[PDB]
Amino acid sequence: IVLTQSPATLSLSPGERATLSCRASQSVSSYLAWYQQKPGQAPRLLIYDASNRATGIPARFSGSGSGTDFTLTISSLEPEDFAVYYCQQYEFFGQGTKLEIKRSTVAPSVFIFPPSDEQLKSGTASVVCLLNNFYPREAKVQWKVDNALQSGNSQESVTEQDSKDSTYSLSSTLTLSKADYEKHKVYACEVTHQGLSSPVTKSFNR
Amino acid sequence: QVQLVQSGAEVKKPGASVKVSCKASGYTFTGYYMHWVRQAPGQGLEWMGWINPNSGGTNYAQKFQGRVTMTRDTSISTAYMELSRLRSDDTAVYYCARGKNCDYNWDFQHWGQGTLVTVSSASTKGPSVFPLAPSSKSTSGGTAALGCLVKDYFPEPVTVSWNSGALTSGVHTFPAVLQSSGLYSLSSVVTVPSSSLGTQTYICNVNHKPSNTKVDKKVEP
């Protein structure tokens, strides 16, 4: 049995209706569970036997379907409803649908931090670029050193969608040795995001 | 109320074996199967097998046959999962779970809190904590950003607070990234009014329990 969930990612406004699909390849059964998982938590059972609401689950959650196709519906999205959703039949789970809150576009506030004297004393230089409170999630950060594009010497991380304002934040770290760091002058992060008319460059002179 | 309480986080070298326990309460232990499901970081759910505590009978997922062993001790209402010949891709959160109903037992209404098992050849190491000082390059409007870089620790997790938890608004602590060194690194930032940079003190508090490491770093302009 292979469980195919659709869509991979679903982005909707609160108050709106969500419909998630689960297709079960070799199933002639009417059993299906759905689960909600929030960041840092165990999955929480929502629906069982395709259409019964589990313990403590609100009326806006409903399920239907049987055999090969199933659906999970959320009647009017509350902001607490936004999470990763999995379906399951017997031992098999679907890959997960990420349900995120859709909101108005917000451009990133961009900040850049040179390496600390203390790290420099230890022989290493990490430069950090912060993209604070933006939406949508899609954002491209590029590191330029004396106008030269860097690759494979940076790592990035993104926060979960904020439960208050539904924005994201991103942290990107470019790491060099102290010796390499001092061979160059201008350190820059170039940010591309749909909220920005043109790419924004924040930079500093070592 | 049903409770499933699992043992604590573990760290293992490739080739080692790990054993995790799950203690059940609030119901008849022998009346339901216990399942084990794991979730690798950033990924989905995988069933590993079940055990029938009434008999000791088990059913393991095909991929774990010959590697996994499930047992139970009825007298302390506890189920165990042992996984041997570990590899780095066994790094995951392992959960015990109990089905809601009996004739079809796969609706997991009850889950343990999860046990993180990190599989790696790295050794435990406290983080270095470096200030991310606020300046004109970290200022927009009358708002500035500052933070901490918590670098080169193993294993996960670390906790980061600001002013001992007195400062929460505007704080973002980022998910750790696993570096090519086999060590983790993360940053925690906070935005504050730029006028307050001269009067309010900002300290980042980094706690890394696996190495009993606690570190307070003052972040100044």
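Residues numbered from 1 in each chain as written, not as in the entry; some residues may be left out. Chains lettered and ligands numbered in written order. Heavy atoms only, no water.

Method-wise, the PDB entry is recorded as coming from X-ray crystallography, at a reported resolution of 2.100 Å.

Draft legend 1. Geometry of the interface of chain B and chain A. Between chain B and chain A, the contact holds 43 residues from the first and 44 residues from the second. Carbon and sulfur atoms make up 62% of the surface buried where chain B meets chain A, a total of about 3,600 Å² over both sides. For the chain B face of the interface with chain A, the top three residues by lost area are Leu45, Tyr104 and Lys137 of chain B, together amounting to 18%. Where chain B touches chain A, the interface holds one salt bridge. One salt bridge in this structure joins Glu118 of chain A and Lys217 of chain B, with 2.7 Å as the shortest N-O distance. The biggest single contributor to the side of chain B that touches chain A is strand 14 (residues 143–153) of chain B, with six residues. Within the side of chain B that touches chain A, the residues separate by chemical class into 22 nonpolar, 14 polar and seven charged. (Contact = heavy atoms within 4.5 Å. Buried area = accessible area lost by both parts, 1.4 Å probe. Salt bridge = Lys/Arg side-chain N within 4 Å of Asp/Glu carboxyl O. Helix = DSSP H or I, 4+ residues; strand = E, 2+ residues; numbered from the N terminus. Nonpolar A, V, L, I, M, F, W, Y, C, P; charged D, E, K, R; others polar.)

Draft legend 2. Here's a closer look at the domain arrangement of chain B. Residue and element names in this part refer to chain B. By the assigned domains, chain B splits into domain 1 (1–121) and domain 2 (122–221). The gap between the C-alpha centroids of domain 1 and domain 2 is 35 Å. Domain 1 puts six residues into the contact, and the matching count from domain 2 is six residues. With both sides pooled, the region where domain 1 packs onto domain 2 buries about 440 Å², and carbon together with sulfur makes up 60% of that total. When residues of domain 1 are sorted by the area they lose upon contact with domain 2, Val11, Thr118 and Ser120 head the list and together hold 60% of the total. Scanning the region where domain 1 abuts domain 2 turns up zero salt bridges. At the junction of domain 1 and domain 2, the tally comes to two residue pairs in polar contact. (Domains from an automatic or database assignment. Polar contact = N/O pair within 3.5 Å; in protein donor to acceptor, adjacent residues only side chain to side chain.)

Draft legend 3. A look at unusual backbone geometry. In the segment running from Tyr135 of chain A into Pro136 of chain A, the intervening peptide bond is cis, with an omega of 5°. The residue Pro136 of chain A is located in the loop between strand 13 (124–134) and strand 14 (140–145) in this model. Of note in this structure, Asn133 of chain A is not a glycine but carries a positive phi near 55°. Inspection of the secondary structure puts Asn133 of chain A in strand 13. With relative accessibility at 26%, the residue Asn133 of chain A sits in the partly exposed group. Notably, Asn163 of chain B is not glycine yet its phi reads approximately 50°, a positive angle. (Buried < 20%, exposed > 50% of the residue type's maximum accessible area, 1.4 Å probe, protein only.)

Draft legend 4. Region of the structure containing the side chain of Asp107 of chain B. Looking at where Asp107 of chain B falls in the secondary structure, it is placed in the loop between strand 9 (92–99) and strand 10 (108–111). Buried within the structure, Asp107 of chain B lacks any salt-bridge partner; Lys100 of chain B is the closest side chain of opposite charge, at an N-O distance of 8.5 Å. Every residue in contact with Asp107 of chain B, bar those within four places of it in the chain, is listed here: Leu32, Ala33, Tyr35, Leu45, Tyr48 and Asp49 of chain A together with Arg98, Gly99, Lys100 and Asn101 of chain B. (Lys, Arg positive; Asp, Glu negative; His and termini not counted.)

Draft legend 5. Summary view of the pairing of strand 19 (residues 203–208) of chain B. Residues and elements named next belong to chain B. Looking at chain direction, strand 15 (residues 159–162) and strand 19 are connected through four bridges and run antiparallel. Within strand 19, the residue paired with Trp162 across the bridge is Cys204. Both strand 19 and strand 20 (residues 213–218) contribute to a ladder of six bridges, which runs antiparallel. Opposite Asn207, over in strand 20, you have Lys214 as the bridge partner. Linking strand 19 to strand 20, which pair antiparallel, is a turn of four residues; within it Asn212 sits at a positive phi near 50°. (Pairing = 2+ DSSP bridges.)

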